[PDB]
Each structure stands twice: as C-alpha cells, then as structure tokens.
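Take a look at this single chain, the form deposited in one PDB entry, given in structure tokens.
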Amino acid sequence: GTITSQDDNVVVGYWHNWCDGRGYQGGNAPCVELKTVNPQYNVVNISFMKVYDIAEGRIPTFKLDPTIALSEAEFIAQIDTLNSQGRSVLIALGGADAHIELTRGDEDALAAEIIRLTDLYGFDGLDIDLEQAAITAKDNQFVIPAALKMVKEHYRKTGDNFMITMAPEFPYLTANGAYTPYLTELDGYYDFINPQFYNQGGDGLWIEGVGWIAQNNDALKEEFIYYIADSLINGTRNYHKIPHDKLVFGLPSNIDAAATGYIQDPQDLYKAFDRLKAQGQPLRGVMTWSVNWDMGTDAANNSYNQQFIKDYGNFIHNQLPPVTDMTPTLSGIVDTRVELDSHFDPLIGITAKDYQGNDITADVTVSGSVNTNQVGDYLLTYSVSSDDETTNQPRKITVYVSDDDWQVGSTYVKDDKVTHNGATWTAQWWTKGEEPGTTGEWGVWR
C-alpha cells in the first residue's frame, strides 16, 4: 500500500503481535485482528519490530506471530482497509527483550529493512518505542535517527510522508536526557511524540505552589497531565520542547495494561486539555497501551468493554484541526562565564532550526553586548525568524574577575601576566605595589 499520513488529531493504539497477554492484575489481552480495532483509533501501531533471534544479526525485523490466526495476506489487506478508511498503521521498533544493539554503520541495513517491511505490509511509518536498556545501547542513539532520516528521504522523493513517532517514557525527556539525540536529530522528521506517561510511578515534577506531583498520584492527576504537558509544550521545567501540535498523551488503557499511571477519572484529562487548549496550546491527541487490553478482560473475566476509546475518542476527535507551530528553534543558548578582559563571540555555539528541520543559524540576530572590560552580569537576547514567526530567548553572561587581575599586595615575578585598567601587562622582574601604567616605558610593568 501507499503511505497514509495522519494529519488531524490522533488516537493511537498499540496492537499486540502475540496472543493471551497477561496483565499486572491477572487479566488477559487476547489477540485481535487489525480490522476489529475500534475505528476511532486512527493510528494503530504494530508491536513489535525486534530481533527475534541473534542468528539473523543485529538488524531487527517483523514477523506475524503464527498463533494470531491470520494469513500475512489478510494482515496485509486489513492494513489496506484501515489505510482506505483514512487510518494509519505503524510499526513499533522495540518493546521489551528486543535485543536492539546497533553499532555504527548499521544505519543502511536498518533503513533498508524498514523500507522493505514498509513496502510489503503497507505500513505508514515507524514508532521508536525502545525499552530502557535499548535507548543508550551501543550506537542506537546514532544509528536509529540516521536510519529513519534516510528512510524519510526515500519516501520524500516519491512525495510520501513516512510517519515518525516516538514513545519515550517521560523521565527520559528531561533536556540533557537519553532521548535528546533522537528528538534533536529527528526534528522536522518526526510527525509527533507519544511519551509514555506510565510505569515511572514515583517520578514526576515539582510545581511552584502545588508541590511534588507524581504519576503515581491520582488526587493530582489533573495537575500531572497539565504541568508536564505545559513544560514539554513550552520547554520549561527542565524539559525538552516538543511542539504542542506534535504532542500526544500516552496512557494505560486500564490497570492491567500497566503497573501505574492509569487515569481513574477522564475529567482530569479533559480539564487539562481544556487548560492547555485555553492557553493556546491544544495537544495532538492521546495514545494507549493498548487496543488489546482495551478489547481485553480482567482477572474476573470481565470485559473492559473498550472503555478508554469511549472515554477519549469523541473527546479527541471533536477537538479542532491541529495548527502547526511554525516557530523556529534556538539551541546553544546556555548561560556562560567569561574571564575579565577576555574575548567573547556571541554567535559561537548557537544553532537555529526552523519547524521542518532546516538550519537557519545564519538568520540569527543578537540584541545586547557584554563589556568584558567591566565586571557584572550582561543579558543577551537571541532571535531568529522564519515561516512568519519569531523565537526569542534570553542568555546571561557573568564576567569573572579572575586570579590574574592585579592586586597591590600580590608579589608578581618575571614573565607574570596580570590585568589592570583593561590590559594584560607583563612584569619584567619582582614587583609588589606598582600599579601597571604608573611605571614607564621601561618600568617593572610592560
């Protein structure tokens, strides 16, 4: 099939390529045919592309579990069905026990395999759902991005939009965080991120006024959803900036489906979306583990009568067409220290991308100066415009006084370099209280 890109808000559902999956409270996730997946999940993610046995090498692949009771011809046509209905089928790279340990160079193999599997099942793109171990493992943080980047271009030539999604667990999203490589490298290439806001129980964030909100807390679930969201969509509270148009809220479908992080009351999520909506940053949809557990049954053989999707689906669909955050991006801006009378180039280190990936570093302006000559703290503001939008972002420069600065009492020796009234005077012999500049043409100081 051809690549069907999802372009409106999305509900996202993982599909088990296994049967009788056991839950955290002894439920069952029966397998199910694609075409049984509730039609309001307009993004189904086939789970999982991995390495089935090491004797096929490091490059992972996908094979339908015989037990599922589906011909690969059927499977393929069920995808063509969803595709035609406007929905989208994705291959999720990873899961547990995926043994995904790529070394540098494997890019081309991964890419080619991706492209093969895609052209065969009519998949519409990939979901990076690496387990913990596999985020850092060997060269993953290089290979995987590299691969997909190539893949995306392959399809860009034809005119097709290979969908890229990721599914980091939220703690990994803290700027300077494992997934930074992925997000940074794949910027403009990824369609939208669907973090897992589950299974990191105690983890969370501190909000001024509210205190310590954690994912394991169901009294403050409204907060959690609202705050982590706001942080991510704004790059605040030590979190990477995922645009709002590209953020999707990853949730258990129910209690069997995860240890922690299932929302008891939807209102919580509803309010948070209306909140984030109110502030001008509506989210792109929700995501769950999994349609199978939603279609599943609990430890009492009671059906979870596909609740989540009932909970969330009109909710999300009745929302409004996404609007693209074409703001550009400014990386490099980190508050720095500079030595008195030292040299400082503002535009060193600074890069700027647009919304689609393109580097606009050139078009970066700077407002402010940093008078190294005088001690103090100086405030630059960087600014770049593209696609009719501007991003501005402050930067603080503190001027340190340094050892070298000439002190009266300080005994300097021959060849010593000090500083005074804006200069780096050299001594020519022992000295102790001769102000550089009061000497002469042939003075202690030079």
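Only residues modelled in both forms are compared. In this text, rigid core is short for the largest set of C-alphas that superpose within 1.5 Å between two forms. Residue numbers here begin at 1 and follow the sequence given.
The same protein has a further form, the form deposited in another entry, not shown here; the description that follows concerns it.
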Residue among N38, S410, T61, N28 with C-alpha shift of 2 Å or more between the shown form and the other one, core superposed: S410
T431 C-alpha shift between the shown form and the other one of 2 Å or more, rigid core reference: yes
Residue ranges moving between the shown form and the other one (criterion: at least three consecutive CA positions shifted 2 angstroms or more, core aligned): 401-446
